[PDB]
Structure formats: structure tokens, C-alpha cells
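Asker: One structure, pasted below without further comment.
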Amino acid sequence: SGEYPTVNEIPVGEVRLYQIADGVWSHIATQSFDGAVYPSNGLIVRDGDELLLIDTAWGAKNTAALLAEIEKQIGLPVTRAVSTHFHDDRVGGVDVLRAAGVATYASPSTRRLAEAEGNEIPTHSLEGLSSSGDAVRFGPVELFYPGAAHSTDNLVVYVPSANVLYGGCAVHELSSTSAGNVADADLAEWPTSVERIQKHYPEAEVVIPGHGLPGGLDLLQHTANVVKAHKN
Ligand SMILES: CCOc1ncccc1-c1c(C(=O)O)[nH]c2c(C(C)C)cccc12
Ligand SMILES: [Zn+2]
Ligand SMILES: [Zn+2]
């Protein structure tokens, strides 16, 4: 009923959308992993009379449910998707997307890692993102590679028309007390990569983490603080 969705308010097997700004939504779904249940976020950005999707809904059935929710709530076709790193909360569902007519994209680094992991693999490679600080345009967004953080391949996404920064899993929500799933992380570089984001996007108004509640620019500093304390 208008608050940001959580596991407790998403019916089983479902997806919810949340309007962030004009022509910008997040998508929220839940998944089980290793016997625990987690929420995750992605992004939807209006691209004229089409939509750009950022990240899957963490699984094939969740991603089918995401497409249905988009049809119900927005009614414009999803024509392209970008996955922001190789984990299953970002690429799990890419095969569903690909069979629904969506063109799927990721950096070459993400594609290699996904393949090596046994995860679903986006079709198209995003060049121009291999060095930290690199940025490229993709429809209505900018894609930015901040350096290694949550993963070596993590990308962030900026929506310039709305000053929305989608941090993905490199950015944590303000209630977080730990650095989340750090299996593939670079704890030592992560603060430096966050500082690069802070420097590049000083006008961000909304910051969306890969998991949990959006907020403002303070999510960036909080993330650096939690990572440094996990490493300590
Ligand atoms: C282990 C604790 O993990 C987290 N705890 C809090 C929030 C997020 C996670 C988490 C993340 C992340 O931090 O991005 N990725 C996950 C995966 C990925 C690898 C699919 C699976 C399970 C959990 C997670
Ligand atoms: Zn991840
Ligand atoms: Zn994640």
C-alpha cells in the first residue's frame, strides 16, 4: 500500500514494482538461497515507448512473474536488459528474457564469470567498461564501472533524467550490518570503488541498493563503513 516492498508483502512467487521517479521503477522479488530467504532489487527505465530492464528478478519463475507484472502495471514492452554482475540475482532469468524477445547484455567480464559459474549468460557484450571509471551510454541510462567491490565485474547505473543512482550489489541499504554475500568481493578495493561512485555522481537524489530499501547519497558512505568493519 505504498511503502517500499519487502519479503513480508510480496506474495509467494510474485514480483512488486515501486515507482522511484517519472519513468523509473524498481522491481522487488524474493528468493531462497542456502536455506535463507532474501529480497532483491532491479530497475526499469522508460525508453520512449519501450522499457530497459536492469537485472533479472533472481530466477526463471520470478523473472516470468516480473514480465507479467510489467505488462499489468506499465504496459510497454521490455526490449533490452542489462545485468550488472554475474550472480544469479542479476542473471538468473536471462533465458526467460531471451525467449520473451528481450535482448540481454552484460560486460565481457560478467559474461565470462557467469559462464564459469554455470549461471545464465547474457547474449551481448558491453564494451567500453573494462577500466575503473569507465562510462558508456545505454538508452536512457549511463553504465559506470567503479572498480572491484561486491564483485570484480559490478556495474552501477545512473538515470540522468531523474538523478537516480542504481548501485546494485556494490551498494548496501542503510539498515545493513554486514557486507552481505562477500564470496566474490574485494573488501580492500570496495571503499575506493565507492569513492569513485561518490565523485562521479554527486547530484544523485535516490540511491538504490541491490538488496533492500532505497535512500539518498548516505547509502554510499554507509556501504564503505560496513565493508571496512566486515574486513576489520
Ligand atoms: C549470505 C548473506 O547474503 C546477503 N545478505 C544480505 C543481503 C544480501 C545478501 C546477498 C547478496 C549480496 O550481498 O549482494 N548476494 C546474495 C546471493 C547471490 C550470490 C545470488 C545469494 C544469497 C544472498 C546474497
Ligand atoms: Zn552478487
Ligand atoms: Zn546481490
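Following the order of the C-alpha cells, first chain is A, next is B, and so on, with residues numbered from 1 inside each chain and ligands from 1 in the order they appear.
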So that each row is one residue of chain A with an atom at most 12 Å from ligand 3, can you give its shortest atom pair and the distance in Å to one decimal, using only C-alpha atoms and all ligand atoms, rows by chain and rising number, as a tab-separated table?
Answerer:
residue	atom	partner	partner_atom_place_in_ligand_line	distance
A:30	CA	ligand 3	1 (Zn)	11.7
A:31	CA	ligand 3	1 (Zn)	11.2
A:33	CA	ligand 3	1 (Zn)	11.5
A:38	CA	ligand 3	1 (Zn)	9.5
A:39	CA	ligand 3	1 (Zn)	9.2
A:40	CA	ligand 3	1 (Zn)	6.9
A:41	CA	ligand 3	1 (Zn)	8.5
A:42	CA	ligand 3	1 (Zn)	10.1
A:55	CA	ligand 3	1 (Zn)	10.2
A:56	CA	ligand 3	1 (Zn)	11.1
A:57	CA	ligand 3	1 (Zn)	10.9
A:58	CA	ligand 3	1 (Zn)	9.4
A:83	CA	ligand 3	1 (Zn)	11.4
A:84	CA	ligand 3	1 (Zn)	9.7
A:85	CA	ligand 3	1 (Zn)	8.7
A:86	CA	ligand 3	1 (Zn)	9.6
A:87	CA	ligand 3	1 (Zn)	7.0
A:88	CA	ligand 3	1 (Zn)	8.2
A:89	CA	ligand 3	1 (Zn)	5.9
A:90	CA	ligand 3	1 (Zn)	7.3
A:91	CA	ligand 3	1 (Zn)	10.7
A:92	CA	ligand 3	1 (Zn)	11.6
A:149	CA	ligand 3	1 (Zn)	11.5
A:150	CA	ligand 3	1 (Zn)	8.1
A:151	CA	ligand 3	1 (Zn)	9.4
A:154	CA	ligand 3	1 (Zn)	10.0
A:155	CA	ligand 3	1 (Zn)	11.9
A:167	CA	ligand 3	1 (Zn)	10.4
A:168	CA	ligand 3	1 (Zn)	7.0
A:169	CA	ligand 3	1 (Zn)	4.5
A:170	CA	ligand 3	1 (Zn)	8.0
A:171	CA	ligand 3	1 (Zn)	9.3
A:172	CA	ligand 3	1 (Zn)	9.3
A:173	CA	ligand 3	1 (Zn)	11.6
A:179	CA	ligand 3	1 (Zn)	10.4
A:180	CA	ligand 3	1 (Zn)	7.8
A:181	CA	ligand 3	1 (Zn)	7.1
A:182	CA	ligand 3	1 (Zn)	9.4
A:183	CA	ligand 3	1 (Zn)	10.8
A:184	CA	ligand 3	1 (Zn)	10.7
A:185	CA	ligand 3	1 (Zn)	10.9
A:209	CA	ligand 3	1 (Zn)	8.8
A:210	CA	ligand 3	1 (Zn)	5.4
A:211	CA	ligand 3	1 (Zn)	6.3
A:212	CA	ligand 3	1 (Zn)	10.1
Asker: Got a sec to tell me which of range 4-117 of chain A DSSP assigns to strand (DSSP E), as a VMD selection string?
Answerer: chain A and resid 15 to 21 24 to 33 36 to 47 50 to 54 78 to 82 103 to 106
Asker: Restricting the calculation to only C-alpha atoms: of A:45, A:65, A:52, A:36, which residue gets closest to residue 13 in chain A?
Answerer: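 Looking at the shortest contact to residue 13 in chain A, the residue is A:65.
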Asker: At a cut-off of 7 Å, using only C-alpha atoms, what residues contact range 192-196 of chain A? Leave out same-chain residues fewer than 2 positions from it and give the result as a ChimeraX atom specification.
Answerer: /A:146-149,189-190,198-200,220,224
Asker: When you draw a straight line from atom 13 (O, counted along the ligand's line) of ligand 1 to CA of residue 54 in chain A, how long is it in Å?
Answerer: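 If I compute the distance from atom 13 (O, counted along the ligand's line) of ligand 1 to CA of residue 54 in chain A, I get 16.8 Å.
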Asker: Which neighbours of residue 76 in chain A fall inside 12 Å, counting only C-alpha atoms, when residues of the same chain fewer than 4 positions from it are skipped, and could you give them as an mmCIF file with C-alpha atoms, in the first residue's frame?
Answerer:
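What follows is the written file part.cif:
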data_model
loop_
_atom_site.group_PDB
_atom_site.id
_atom_site.type_symbol
_atom_site.label_atom_id
_atom_site.label_comp_id
_atom_site.auth_asym_id
_atom_site.auth_seq_id
_atom_site.Cartn_x
_atom_site.Cartn_y
_atom_site.Cartn_z
ATOM 1 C CA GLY A 23 9.746 6.752 -15.937
ATOM 2 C CA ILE A 44 13.055 -0.465 -15.039
ATOM 3 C CA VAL A 45 13.616 2.701 -17.082
ATOM 4 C CA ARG A 46 11.245 4.043 -19.733
ATOM 5 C CA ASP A 47 12.968 4.308 -23.093
ATOM 6 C CA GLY A 48 10.302 6.141 -25.193
ATOM 7 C CA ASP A 49 7.569 3.613 -25.907
ATOM 8 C CA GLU A 50 9.804 0.728 -24.736
ATOM 9 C CA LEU A 51 11.457 -0.270 -21.436
ATOM 10 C CA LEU A 52 15.019 -1.004 -20.421
ATOM 11 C CA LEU A 53 15.367 -3.603 -17.672
ATOM 12 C CA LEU A 67 7.418 -9.625 -17.125
ATOM 13 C CA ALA A 68 3.752 -10.214 -16.221
ATOM 14 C CA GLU A 69 3.871 -7.513 -13.556
ATOM 15 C CA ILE A 70 5.371 -5.048 -16.024
ATOM 16 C CA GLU A 71 2.623 -5.829 -18.502
ATOM 17 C CA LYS A 72 -0.032 -5.277 -15.867
#
